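So the protein lines, in turn, are chains A and B. For the record, in the first sequence the residue sitting at position 13 is 894 according to UniProt numbering, with numbers rising by one throughout. For the record, in the second sequence the residue sitting at position 59 is 1135 according to UniProt numbering, with numbers rising by one throughout. Here's the structure we're looking at; comments come further down.
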Amino acid sequence: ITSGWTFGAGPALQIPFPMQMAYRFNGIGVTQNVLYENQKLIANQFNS
Amino acid sequence: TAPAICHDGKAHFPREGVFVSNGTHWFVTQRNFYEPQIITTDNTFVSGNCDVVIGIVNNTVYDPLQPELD
Ligand SMILES: *[C@@H]1O[C@H](CO)[C@@H](O[C@@H]2O[C@H](CO)[C@@H](O)[C@H](O)[C@H]2NC(C)=O)[C@H](O)[C@H]1NC(C)=O
Ligand SMILES: *[C@@H]1O[C@H](CO)[C@@H](O[C@@H]2O[C@H](CO)[C@@H](O)[C@H](O)[C@H]2NC(C)=O)[C@H](O)[C@H]1NC(C)=O
Ligand SMILES: *[C@@H]1O[C@H](CO)[C@@H](O[C@@H]2O[C@H](CO)[C@@H](O)[C@H](O)[C@H]2NC(C)=O)[C@H](O)[C@H]1NC(C)=O
Ligand SMILES: *[C@@H]1O[C@H](CO)[C@@H](O[C@@H]2O[C@H](CO)[C@@H](O)[C@H](O)[C@H]2NC(C)=O)[C@H](O)[C@H]1NC(C)=O
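Spelled out as structure tokens, the structure:
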């Protein structure tokens, strides 16, 4: 949650979480603007 | 860091990399090695307006065209 996937290849590197989720969308073929303009929806859907 | 940069009322997002600030100026870097470059219109792409991104910051994105045309 605080370091993403960096602690498994060396030192834990902090990065804010909203930006971690944007990277993760990029890794599946979705552009990052789709998350940032819908951040509230994805957080509501995850929490439910 | 910041997710996007505002210029001319438009939101700019990095093609690859993250925005960083050294204390006084902002740069684009690749994510795996620190190597800053100036934020230009060839480094970024435009999508949406600066009203939907949380944490967007003001900066200058430089266009190479105008200083070539003096
Ligand atoms: C994408 O789908 C979601 C539902 O999966 C839509 O969100 C719902 O919209 C309805 C109608 O406004 C609301 O009553 C629900 O409360 C919303 N659900 C959640 C979890 O927020 C969303 O509007 C759709 N997006 C578009 C662009 O149509
Ligand atoms: C952040 O980096 C910049 C660029 O290196 C520093 O700003 C100065 O920028 C001018 C050009 O606009 C250069 O001619 C200077 O040599 C730069 N100074 C230095 C010390 O590099 C700026 O100082 C840096 N900020 C911090 C807080 O270190
Ligand atoms: C990150 O969190 C800090 C608090 O830990 C936020 O700082 C506050 O910002 C508000 C305005 O948004 C101020 O009214 C408060 O006084 C600030 N708190 C402190 C302790 O200085 C900061 O805004 C957050 N950053 C983002 C991008 O949301
Ligand atoms: C980033 O720059 C924009 C553009 O100058 C700022 O938008 C202005 O915001 C002020 C209030 O802070 C309004 O009075 C102006 O009308 C806005 N200008 C326009 C053209 O809409 C924005 O506030 C700046 N952001 C920060 C954090 O300073």
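Ideal Cβ positions, reconstructed from N, Cα and C, are used throughout, including at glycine.
Buried or exposed: which applies to residue i, given that a residue is buried once 16 or more other Cβ atoms fall within 10 Å of its Cβ?
i: B:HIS1101; result: exposed
i: A:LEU922; result: exposed
i: A:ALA893; result: exposed
i: B:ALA1080; result: buried
Who are the neighbours of residue i on chain A, taking C-beta pairs under 9 Å?
i: B:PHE1103; result: Ordered by position in chain A, no residue passes the 9 Å Cβ test against B:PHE1103, which lies about 16 Å from the chain.
i: B:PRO1112; result: Within 9 Å Cβ-Cβ: nothing; B:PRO1112 doesn't reach chain A, min ~17 Å.
Taking the DSSP output, what are the residues bridged to residue i?
i: A:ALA893; result: The partner list for A:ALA893 (beta bridge, DSSP) is empty, contrary to what the question assumes.
i: B:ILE1081; result: B:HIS1088, B:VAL1133
i: B:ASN1125; result: B:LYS1086
i: B:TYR1138; result: B:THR1116
Strictly below 8 Å CB to CB, what residues from chain B border residue i?
i: A:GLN926; result: None at all; the shortest Cβ gap to chain B is about 17 Å.
i: A:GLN920; result: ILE1130
How would you list, in chain order, the residues of chain B whose beta-carbon sits under 9 Å from the beta-carbon of residue i?
i: A:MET902; result: Per Cβ cutoff of 9 Å: no residues; A:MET902 is ~11 Å from chain B at best.
Going along chain B, which residues have a C-beta under 7 Å from residue i?
i: A:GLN913; result: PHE1089
Taking C-beta pairs closer than 8 Å, name the residues in chain A that residue i reaches, listed in chain order.
i: B:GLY1093; result: Under the 8 Å cutoff, chain A gives no residues; its nearest Cβ is about 11 Å from B:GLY1093.
i: B:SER1097; result: By Cβ distance, chain A contributes nothing, its closest Cβ being about 14 Å from B:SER1097, past 8 Å.
What does residue i reach in chain A if we use C-beta pairs closer than 7 Å?
i: B:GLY1124; result: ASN914, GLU918
Inter-stretch contact (C-beta, 8 Å, three-pair minimum) for the region 1117–1125 of chain B and the region 911–929 of chain A: yes
Runs of beta strand (DSSP E) wholly within the region 1083–1118 of chain B (minimum 3 residues, chain order): Within the region 1083–1118 of chain B, the runs of beta strand (DSSP E) that reach at least 3 residues and sit entirely inside it are, in chain order, 1086–1090, 1094–1097, 1102–1105.
Contact between the region 1081–1094 of chain B and the region 1107–1123 of chain B (3+ Cβ pairs under 8 Å): yes
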